[PDB]
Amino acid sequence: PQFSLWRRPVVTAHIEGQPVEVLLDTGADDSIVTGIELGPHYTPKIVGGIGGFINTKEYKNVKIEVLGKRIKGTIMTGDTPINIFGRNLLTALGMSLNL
């Protein structure tokens, strides 16, 4: 898998069985997703960026299958315009930015 980046690096991930489209973001410290409900045990958290900050619901031990791999990881749920797979999951997949 190599993303040349001429187009957004989006891929399909299965987060606890749900297919979700996701952007591979090296500029994101965390992974935020909308549209999937992961349940009642989470930690309110806040994440910020261009535009401001949003409130998120942080989940642990989330089962995700992306690019042919199955990893367990932390996902945040919240008011996001696009689903993001941040650096915490990209390191878990062994993905790297190269020049």
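All residue numbers are counted from 1 along the displayed sequence.
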The stretch carrying the higher mean Cα B factor in the deposited entry, 52 to 60 or 32 to 40, is 32 to 40
Tell me which stretch, 66 to 74 or 22 to 30, has the higher mean Cα B-factor listed in the entry. 66 to 74
At the C-alpha atoms, which of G86, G17, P9, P81 reaches the highest B-factor in this entry? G17
By the record's CA B-factor, is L97 among the lowest, middle or highest third of residues in the chain? highest
